[PDB]
Amino acid sequence: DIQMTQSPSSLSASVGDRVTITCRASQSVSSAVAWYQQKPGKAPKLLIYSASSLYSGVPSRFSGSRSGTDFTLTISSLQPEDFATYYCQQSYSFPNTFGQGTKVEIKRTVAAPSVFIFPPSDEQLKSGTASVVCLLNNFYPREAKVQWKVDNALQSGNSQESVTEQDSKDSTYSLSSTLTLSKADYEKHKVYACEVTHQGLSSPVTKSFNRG
Amino acid sequence: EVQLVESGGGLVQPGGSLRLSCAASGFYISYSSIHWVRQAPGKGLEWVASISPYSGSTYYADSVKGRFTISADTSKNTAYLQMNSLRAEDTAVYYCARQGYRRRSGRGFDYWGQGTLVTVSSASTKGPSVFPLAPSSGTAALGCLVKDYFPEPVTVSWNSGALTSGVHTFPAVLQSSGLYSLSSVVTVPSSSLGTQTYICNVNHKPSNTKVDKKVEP
RNA sequence: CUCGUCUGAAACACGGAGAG
Ligand SMILES: [Cl-]
Ligand SMILES: [Cl-]
Ligand SMILES: [Cl-]
Ligand SMILES: [Cl-]
């Protein structure tokens, strides 16, 4: 079958930048190439068909071009809502095949997270496990360090993190860190603290509570 | 309004079989090519199969040839994907897409359904526990922890969908136990915390679990 | 009839177009 090699695998660009995504077919596919935009967790949407034709309703900042077996998707002036993964696809031959995708991140000004901490609920404590949650809200860039301390003892091996996809309007991320302890361990200690390090913070921010 | 609605997804044992349905409305599949495309979690789009109008010719990706069968029922205006000898490698969101009209969009796929997750695993279904993340000491954050469920997915809404601004529902993480856990949070005015109630609505279809959890200070 | 093409709601088969 026909391979569609897409490059780069990811890029980060500022609002107003010209973004170019390339997809090379392993053999001629004439002009039978489409480009799609997929927001995370959403159905893809058609942008470009037949290599260079703009699908109706799509903003004019999107264009496609063909040179031999090289196909390019260009965003002439990137906008925040253009955060997405972009895919080329050939429909010249069965089996149809997709490129591996290019993830486009919007590069904005640094923005420190607002940090919140949540103790485990009394309902959870009725069972044998205690989850403590630290929320980092609306920050940029995505890299952030969360460290958990229990009675000023650094924790290891007992937390997990999840991050939202980039917001399509303000280009920020949010992040949840969950520290999981046995109820016994939670009951045997007093001070619970999440220490956050981020480019937007001039010193690490600590949010903490005392059990009780 | 053109619509494509996939159904039939869920948990299936390795070696098992499962049939997906793609119900179309707003148009007739008798006049369009219909395609199945899948996306493993965190990975790219992968073409699976298609069926052509007027002829009913069918085409398959090499990774599924001999195991999957695409078909269509024009009276029901529905396309099908029969999947046999499933393996872990077939775990994916399965989308049905309409190839559009040649004069208007060439061979581009111009409408896609929302997709339905197929999970190929030997693990047992397990419903979640839902715990409040209570607000406490201008803006206040609260949320709900959706813990210890399998398989994906869960849907979380707030106040039965009346509340969407400020909501962040995080991707699930796989715990060391083999069970998923996720949180959903929302920032709200602190002046309203004493009078505005907040309820997180969780639905885990694989286990027939619906939970509403009140989140109070 | 043919097509490494176009079109009919149509990648193949079919109708039509175009060229041979
Ligand atoms: Cl425009
Ligand atoms: Cl070339
Ligand atoms: Cl105590
Ligand atoms: Cl259960």
Side-chain angles (χ1 to χ4, degrees), chain A residues 1-6 23-36 43-58 64-71 73 87-99, chain B residues 2-6 21-38 45-82 94-102 104-113:
Chain A
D1 32 64
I2 296 177
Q3 273 66 57
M4 306 295 285
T5 308
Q6 211 178 316
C23 174
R24 188 165 169 83
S26 57
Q27 67 185 263
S28 172
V29 293
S30 184
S31 303
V33 170
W35 291 93
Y36 304 92
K45 296 180 201 302
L46 179 60
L47 301 173
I48 303 287
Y49 66 87
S50 302
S52 54
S53 294
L54 184 58
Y55 178 59
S56 118
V58 177
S65 152
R66 171 196 173 191
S67 172
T69 46
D70 298 320
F71 298 78
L73 182 69
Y87 293 95
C88 63
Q89 182 235 320
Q90 68 81 17
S91 60
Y92 185 73
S93 301
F94 291 108
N96 289 184
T97 49
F98 285 87
Chain B
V2 171
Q3 295 281 114
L4 289 163
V5 183
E6 303 91 347
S21 304
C22 173
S25 54
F27 77 103
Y28 298 104
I29 68 191
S30 60
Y31 311 114
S32 311
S33 291
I34 300 291
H35 297 255
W36 285 99
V37 175
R38 71 181 182 187
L45 300 173
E46 180 184 21
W47 189 78
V48 173
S50 71
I51 180 166
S52 307
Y54 300 103
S55 63
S57 294
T58 54
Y59 307 91
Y60 297 91
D62 290 302
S63 60
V64 303
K65 225 197 192 184
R67 297 189 299 129
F68 291 14
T69 307
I70 190 180
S71 58
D73 182 327
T74 54
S75 196
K76 290 181 172 305
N77 203 25
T78 296
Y80 301 102
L81 187 67
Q82 175 68 44
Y94 283 72
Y95 297 94
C96 176
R98 185 183 85 176
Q99 181 175 321
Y101 302 110
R102 180 175 49 206
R104 273 80 172 84
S105 52
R107 306 181 181 169
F109 306 170
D110 67 337
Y111 281 88
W112 298 59

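Below, each value reflects all heavy atoms present in this structure, side chains not excepted, and no hydrogens, waters or symmetry copies. Chain A is the first sequence line, chain B the second, and so forth, proteins listed ahead of strands; every chain is numbered from 1.
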What is the distance from [atom1] of [X] to [atom2] of [N], rounded to the nearest Å?
X	N	atom1	atom2	result
A:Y92	C:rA11	OH	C1'	10 Å
B:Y54	C:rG16	OH	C1'	14 Å
B:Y31	C:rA11	OH	P	15 Å
B:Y101	C:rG8	OH	P	12 Å
B:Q99	C:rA9	CD	P	15 Å
B:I51	C:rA9	CD1	P	19 Å

**Message:** Is it the case that the base of C:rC12 and the side chain of B:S55 share a donor-acceptor contact (distance under 3.5 Å, atom types as modelled)?
**Reply:** yes
**Base partner of C:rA9, which must satisfy Watson-Crick or wobble distances under 3.5 Å** = none
**Asked** Just by distance, do the side chain of A:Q90 and the backbone of A:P95 share a donor-acceptor pair under 3.5 Å?
**Response** yes
**Prompt:** Any side-chain donor-acceptor pair under 3.5 Å between B:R98 and B:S32?
**Reply:** no
**Request:** Assert yes or no for the condition that the ring centre distance of B:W36 to B:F68 is strictly below 6.0 Å.
**Result:** no
**Prompt:** With both distances under 3.5 Å required, do C:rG4 and C:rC14 pair Watson-Crick or G-U wobble?
**Reply:** no
**Asked** Hey, do C:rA13 and C:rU5 pair up, Watson-Crick or G-U wobble, with both distances short of 3.5 Å?
**Response** no
**Item:** B:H35 and A:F94 aromatic ring geometry - parallel, tilted or perpendicular at 30°/60° bounds
**Value:** parallel
